[PDB]
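Just one chain is shown here, as structure tokens, and it is the form deposited in one PDB entry.
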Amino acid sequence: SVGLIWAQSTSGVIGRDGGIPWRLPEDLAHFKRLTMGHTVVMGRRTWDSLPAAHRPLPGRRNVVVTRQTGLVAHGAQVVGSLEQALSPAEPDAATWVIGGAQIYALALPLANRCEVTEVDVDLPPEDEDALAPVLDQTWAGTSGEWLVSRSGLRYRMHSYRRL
């Protein structure tokens, strides 16, 4: 099982200026609950984007997809392709692809699940933004209710499975 997991604004922005252009603690807790104890696969730019306290993501096997020989920042297992990231895999569990946009594009043809957090923040896309992948007719989804963050932002979760 290969799952994509991401958070996006309603406009579809996932990344800006090498980070995430909102703060939503409830999404971080959701992300930890779904990924804890599993392999997480990410692109190298996302790896370098992690604050030092969160790199590597604790309690998870951190796999970084890169064309380089290796990385200056410690804690990852490097691979040269998504296929190398995905095999071998954890039994009875999902391998989670955790971004960014380039790695989501590579993984989308292979995924069987997407777990999306939608954040109701008004962020008109800017020229260099990373955007969420668009799901085609092979996906069926369900959506949770709108929730209110302690910070006041509305947010909700959507879950998609491959038909």
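We call the rigid core the largest set of C-alpha positions that still match within 1.5 Å between the two forms. The first residue of the shown sequence is 1; numbering continues from there.
One more form of this protein, deposited in another entry, exists but is not displayed; see below.
Per-residue Cα shift between the shown form and the other one after core alignment stays below 2 Å for all of 51, 124, 70, 37 except 70. Relative to the superposed core, residue 79 undergoes a Cα shift smaller than 2 Å between the shown form and the other one. In the other form, the Cα positions of residue 90 and residue 143 lie at least 3 Å farther from each other than in the form displayed. Between residue 37 and residue 90, the Cα spacing is larger in the other form than in the shown form, differing by no less than 3 Å.
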